[PDB]
Amino acid sequence: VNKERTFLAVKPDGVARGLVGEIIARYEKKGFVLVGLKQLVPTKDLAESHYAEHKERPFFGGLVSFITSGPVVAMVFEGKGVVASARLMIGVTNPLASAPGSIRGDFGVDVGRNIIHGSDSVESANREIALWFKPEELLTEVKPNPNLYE
Amino acid sequence: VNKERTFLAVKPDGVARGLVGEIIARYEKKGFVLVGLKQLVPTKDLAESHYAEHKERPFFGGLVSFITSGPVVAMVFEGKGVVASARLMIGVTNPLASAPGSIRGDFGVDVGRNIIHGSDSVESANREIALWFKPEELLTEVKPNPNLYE
Amino acid sequence: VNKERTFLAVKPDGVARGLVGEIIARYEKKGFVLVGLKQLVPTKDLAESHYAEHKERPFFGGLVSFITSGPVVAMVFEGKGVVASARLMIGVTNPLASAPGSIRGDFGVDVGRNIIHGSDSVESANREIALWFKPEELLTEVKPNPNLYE
Amino acid sequence: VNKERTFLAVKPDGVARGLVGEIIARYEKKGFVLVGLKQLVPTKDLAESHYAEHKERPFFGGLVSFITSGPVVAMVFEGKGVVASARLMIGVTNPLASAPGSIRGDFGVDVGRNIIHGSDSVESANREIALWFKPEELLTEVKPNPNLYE
Amino acid sequence: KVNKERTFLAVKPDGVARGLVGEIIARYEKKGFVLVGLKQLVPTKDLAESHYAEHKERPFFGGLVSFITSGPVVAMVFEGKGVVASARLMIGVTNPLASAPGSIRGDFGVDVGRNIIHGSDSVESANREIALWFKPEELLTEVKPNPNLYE
Amino acid sequence: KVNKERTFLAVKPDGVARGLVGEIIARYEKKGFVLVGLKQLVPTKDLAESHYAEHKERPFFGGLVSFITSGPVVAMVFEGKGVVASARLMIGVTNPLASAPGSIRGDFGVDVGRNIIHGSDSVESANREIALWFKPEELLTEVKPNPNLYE
Ligand SMILES: [BH3-][P@@+](O)(OC[C@H]1O[C@@H](n2cc(C)c(=O)[nH]c2=O)C[C@@H]1O)OP(=O)(O)O
Ligand SMILES: [BH3-][P@@+](O)(OC[C@H]1O[C@@H](n2cc(C)c(=O)[nH]c2=O)C[C@@H]1O)OP(=O)(O)O
Ligand SMILES: [BH3-][P@@+](O)(OC[C@H]1O[C@@H](n2cc(C)c(=O)[nH]c2=O)C[C@@H]1O)OP(=O)(O)O
Ligand SMILES: [BH3-][P@@+](O)(OC[C@H]1O[C@@H](n2cc(C)c(=O)[nH]c2=O)C[C@@H]1O)OP(=O)(O)O
Ligand SMILES: [BH3-][P@@+](O)(OC[C@H]1O[C@@H](n2cc(C)c(=O)[nH]c2=O)C[C@@H]1O)OP(=O)(O)O
Ligand SMILES: [BH3-][P@@+](O)(OC[C@H]1O[C@@H](n2cc(C)c(=O)[nH]c2=O)C[C@@H]1O)OP(=O)(O)O
Ligand SMILES: [Mg+2]
Ligand SMILES: [Mg+2]
Ligand SMILES: [Mg+2]
Ligand SMILES: [Mg+2]
Ligand SMILES: [Mg+2]
Ligand SMILES: [Mg+2]
């Protein structure tokens, strides 16, 4: 329902490059609600559990290594179709082919330095949210906005 | 001819959410000239008449009724191929399927609260403008910018 | 009360320069509510009645002449201290001495081309509002925002 | 030393109004480094303790109570002279007297709903950070940018 | 190819006249591309004609050359991975009206002859173009790849 | 004085490295000032020393000259009514920390030695400065005053 959630995270490059506010504002302006937020330096295990679906992929080692090389800003947004929309708002894997207007499109040039992570399905979203957030960090008081929802 | 015009209106949600300036600014930046502007609390006649192509359609009631639920900023922009361009700049009926960079894409989530309306043809544009503005409310002498037009 | 109103107007240069949305957005973001809005080419009388307090000043003739040389976007905003705050947000007479962050400061360089007009007291505000707006163009339904007002 | 830190929090109004990203972005742009961040619904203890210098003061009740009324985005920024700089970037207690360009100046009107809080000294900063964040929540190894610092 | 690829971009006379130079450069900077060359000049007819050589016969040519030389132009060169194709994607398509919201031509233009900016269309055209508008000395040689941008 | 006054501004190495060139130029364009000169270069020690001549003896001098020449700089000249004083107002004060929100140094800096930009401080220093960094040919001569900007 309009309660669907998604997990997003500003990777070390996004954080190091000062893009955290910019990214949060894009989702705030869109109408999505911030139900979880925190900065932390990812643990090797965290990183490996997060990207477990890519553990056989060659790039996994370097990916895990970079995701744990500095602070990360993890977050969860709520709203009608927020998982697929946040994905749209991010762009595509390769920042160079991400359309102007998306986050990777407007700001990135390297796949390994693609600024932000976004869950790709409600299934991976729920999976990833529990992975990064305990229940006491997620808001329950989500009063819908009559201005954004019919 | 660089004289084409289109009707656009910021709905109660867009107005209530403070997006009038952001929206007007997007069209100014693009090169379009505002030849009519005014805020108002639309009448049932205006609303039902404006959306007169969706009489049988269900949502018609809530639609007609929402648009009359509060302040609406109506306007007419003039420019070369402004009708089609403005809808492109708007996005698609559904805000979630609206591409990043578009008005609906950047700011909404509900097809019910999709923030703005823009004519969909020159005929509907002419019909709509005739409906929202008296002729003395529209500018007449609009000089063709040497930087925008060849 | 938090119902105090003020009159503002984007002069011909402001309009011609495509600054209308930018200006409206600055007041929308601040928390002030748009209770009246319209574009029109000022009549000589309108202009003279508006600036009647300066009718003896040398610059009056040229001022009246310019204010009637093109479209103007007239508006009224409502909120706690909106008259003095809009003034602050405009800057000072001379755009060159208006602080960065204000409207004239960020965008102007000539006194005669100082982009916008703002009422200077509640008295002149009420005076100017009736001057430019009939009662049926002013909103009465002003539901305060629990987010902006304690 | 370029190691000074300050506590800042976006209040329920700023959060509810979608200003978290805009606010974080202002400090990022300035050159300050986020060394702590998290959203939460503050406890009465936290609120009353945080505003423990305004115990006798009247508004204390509503203050303590508003801050616990909904989600608050807390954070700690580090930089050279960040405590004084951040308050400057904030404005003044009163949003109407806050200069254009400042956070309060740009976005508020009510002293009650003045959107953000920022420490007012290094002592209050240290006291406040100790209060909102556990030490494991703050970054430790913060590299001094060659472009920002000499 | 490599992270040192380069492309030639120019803010046409209309773009400079409308005050879009800073907006355009900011877009390329925010994206992570490095400015290795930059200068404002009023192009000569010979520079213009040589630059648009490929359209030497096409009918809109004369008017094009005339306009390009009718006022100041801001020329520049940006370097980064796949910058030629990326810069084009950011500009839009020939007609501003057909250009997507988010692209430069999409966000600010409405007429083909006043489409704000030019971007090289290939590494080869880019290398030729850079050569025509900049003497080697005007181009940066040292460029520390940013670790935040490139792996 | 006149609507043709001019001033010399330069995006220091830190400003260029942080990607603030477009933001800064946009600010001056939005204000109504016209760009009559512009180019990116890595200053010579002699240009730097001559430019900051007035501080030739002051202790922070050596470090200053060293930094100004440690990377690319974007130099430019803007023209408009009272542009010298206006441009300074827009930059802020020497210390970025003391600079007002809204000013360039106020919005982006935090250290005096990394204060992003330089603006001439008088018509006389501006004329001298323009002369040192730009050959006459690089400067625009024709400038149609904009009727929307000037009465
Ligand atoms: B293909 P994917 O699911 O991979 C996850 C992240 O792994 C990184 N990566 C990926 C690939 C394919 C590579 O070659 N190198 C590399 O560093 C960045 C991806 O975001 O990408 P996405 O984040 O879903 O776009
Ligand atoms: B399909 P359309 O012409 O509909 C007009 C408006 O009616 C509202 N609407 C529409 C449909 C089809 C619906 O299911 N629910 C709903 O609220 C919003 C549309 O803007 O959309 P558009 O606004 O012209 O893009
Ligand atoms: B001194 P004031 O009340 O004058 C009204 C407008 O008149 C114009 N004007 C003023 C003066 C003093 C002048 O020399 N030339 C000129 O064109 C612009 C003012 O906004 O200014 P303000 O708008 O209240 O800042
Ligand atoms: B005077 P101060 O330290 O007060 C703290 C907060 O308390 C709230 N407040 C304050 C006062 C004095 C009042 O009358 N009403 C009110 O709601 C908002 C202040 O941020 O203000 P500041 O936030 O530190 O600038
Ligand atoms: B087809 P192309 O290479 O043309 C070069 C420039 O010529 C101008 N032009 C083009 C065409 C086709 C026309 O009809 N009128 C006109 O003024 C603008 C183009 O950028 O376009 P592009 O710049 O590569 O998008
Ligand atoms: B006092 P001033 O003319 O100095 C010129 C530049 O020298 C640098 N500087 C200055 C001083 C005084 C210092 O302590 N350290 C330092 O790095 C930056 C100034 O822009 O400053 P301004 O640039 O005119 O604000
Ligand atoms: Mg994936
Ligand atoms: Mg339709
Ligand atoms: Mg006055
Ligand atoms: Mg205090
Ligand atoms: Mg081509
Ligand atoms: Mg000095």
Side-chain angles (χ1 to χ4, degrees), chain A residues 16-18, chain D residues 2 29-31 79-80 143-150, chain E residues 22 25-26 28-30 32-39 76-80 137-149, chain F residues 7-28 37-55 58 60-77 87 90-92 94-97 99 103-120 129 132-134:
Chain A
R17 284 178 67 207
Chain D
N2 304 143
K29 285 183 289 198
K30 179 71 174 172
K80 172 177 156 305
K143 359 57 196 172
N145 200 315
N147 301 316
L148 281 164
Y149 298 105
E150 185 154 50
Chain E
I25 296 181
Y28 287 101
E29 297 178 278
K30 269 182 193 78
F33 290 125
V34 179
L35 199 68
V36 300
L38 172 83
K39 60 183 186 178
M76 61 205 83
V77 48
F78 273 101
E79 178 187 310
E137 39 266 83
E138 303 168 293
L139 297 161
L140 296 185
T141 56
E142 355 264 12
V143 180
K144 326 75 56 70
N146 196 328
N148 288 312
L149 294 170
Chain F
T7 190
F8 174 75
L9 289 163
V11 183
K12 303 183 168 195
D14 53 314
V16 172
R18 296 176 54 203
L20 299 167
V21 178
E23 166 71 22
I24 287 163
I25 296 181
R27 289 195 178 205
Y28 287 101
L38 172 83
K39 60 183 186 178
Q40 174 172 259
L41 66 154
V42 182
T44 172
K45 170 175 169 291
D46 282 333
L47 174 52
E49 301 193 293
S50 171
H51 172 84
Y52 278 123
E54 72 183 301
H55 304 308
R58 303 223 109 193
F60 67 80
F61 189 76
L64 175 64
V65 163
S66 293
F67 182 57
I68 299 302
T69 63
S70 66
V73 167
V74 170
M76 61 205 83
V77 48
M90 294 168 70
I91 290 156
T94 293
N95 183 169
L97 296 179
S99 297
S103 69
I104 289 155
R105 288 179 179 160
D107 288 345
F108 307 106
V110 67
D111 192 301
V112 177
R114 300 290 182 275
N115 61 6
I116 314 155
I117 177 182
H118 159 85
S120 304
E129 289 178 15
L132 309 180
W133 298 73
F134 291 88

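Keep in mind that the numbers below use all heavy atoms, side chains included, and drop hydrogens, waters and symmetry copies. Here is how names work: the chains are called A, B, and so on, in the same order as the sequence lines, proteins then strands, and each is numbered from 1.
A 4.5 Å side-chain heavy-atom check between F:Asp111 and D:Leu148 finds every atom pair outside the cut-off. Between F:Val16 and F:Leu20 the shortest side-chain heavy-atom distance does not fall below 4.5 Å. You'll find the side chain of F:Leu41 reaches within 4.5 Å of the side chain of F:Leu47, heavy atoms only. At least one side-chain heavy atom of F:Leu97 sits under 4.5 Å from a side-chain heavy atom of F:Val110. Within the 4.5 Å cutoff, side-chain heavy atoms of F:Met90 are placed close to those of F:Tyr28. In this structure the side chain of D:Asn147 never reaches within 4.5 angstrom of the side chain of F:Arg114, judged on heavy atoms. At a threshold of 4.5 Å between non-hydrogen side-chain atoms, the residues F:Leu9 and F:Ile91 count as touching. Between E:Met76 and E:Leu35, some side-chain heavy-atom pair lies under the 4.5 Å cut-off.
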**Prompt:** Between E:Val34 and E:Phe78, does a side-chain contact (heavy atoms from CB on, under 4.5 Å) hold up when you go through it step by step?
**Reply:** CA-CA 5 Å; E:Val34 179; E:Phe78 273 101; 5.7 Å; no

**Criterion side-chain contact (heavy atoms from CB on, under 4.5 Å) on F:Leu38 and F:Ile25, from CA distance to verdict** = CA-CA 10 Å; F:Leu38 172 83; F:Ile25 296 181; 3.9 Å; yes

**Message:** Applying side-chain contact (heavy atoms from CB on, under 4.5 Å) to F:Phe60 and F:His55, what does each step give before you reach the verdict?
**Reply:** CA-CA 8 Å; F:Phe60 67 80; F:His55 304 308; 3.6 Å; yes

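For E:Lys30, the NZ atom counts as loosely surrounded, since its 6.0 Å shell holds 12 or fewer non-hydrogen atoms of other residues, nucleotides or ligands. Within a 6.0 Å sphere centred on CD of E:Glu142, other residues, nucleotides and ligands contribute 12 heavy atoms or fewer.
A donor-acceptor pair under 3.5 Å is formed between the side chain of F:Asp14 and the backbone N or O of F:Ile116. A distance-only check finds a donor-acceptor pair linking the side chain of F:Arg105 to the backbone of F:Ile117 [under 3.5 Å]. Here the side chain of F:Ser120 pairs a donor or acceptor atom with the backbone of F:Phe8 at under 3.5 angstrom.
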For a quick test of your reading: what N or O donor-acceptor pairs under 3.5 Å do the side chains of residues 65-75 of chain F make, sequence neighbours left out?
from: F:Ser66; atom 1: OG; to: F:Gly62; atom 2: O; distance (Å): 3.0
from: F:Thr69; atom 1: OG1; to: F:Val65; atom 2: O; distance (Å): 3.0
from: F:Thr69; atom 1: OG1; to: F:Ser66; atom 2: O; distance (Å): 3.1
from: F:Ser70; atom 1: OG; to: F:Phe67; atom 2: O; distance (Å): 2.5

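Ring geometry, F:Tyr52 versus F:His118: the interplanar angle exceeds 60°, so the pair is classed perpendicular (tilted spans 30 to 60°).
With sequence neighbours excluded, no residue forms a ring pair (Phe, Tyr, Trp, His ring centres under 6.0 Å) with D:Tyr149. In this view, F:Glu23 and F:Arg27, F:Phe108 satisfy the side chain to side chain contact (heavy atoms under 4.5 Å, CB included) rule, not counting sequence neighbours. With sequence neighbours left out, the side chain to side chain contact (heavy atoms under 4.5 Å, CB included) criterion links F:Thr94 to F:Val112. The side chain to side chain contact (heavy atoms under 4.5 Å, CB included) check on F:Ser103 picks up F:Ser99, with sequence neighbours excluded. Not counting sequence neighbours, the partners of F:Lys39 by the side chain to side chain donor-acceptor pair (under 3.5 Å) test are F:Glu138.
Note: D:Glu150 CD to D:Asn2 CG = 10.0 Å, rounded to the nearest 0.5 Å. Put simply, CG on E:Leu139 and CD on F:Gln40 are 9.5 Å apart, with the number rounded to the nearest 0.5 Å. Atoms CZ and CD, from F:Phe61 and F:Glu54 in turn, are 10.0 Å apart once rounded to the nearest 0.5 Å. Separating the CZ atom in A:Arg17 from the CG atom in E:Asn146 is a distance of 7.5 Å, to the nearest 0.5 Å.
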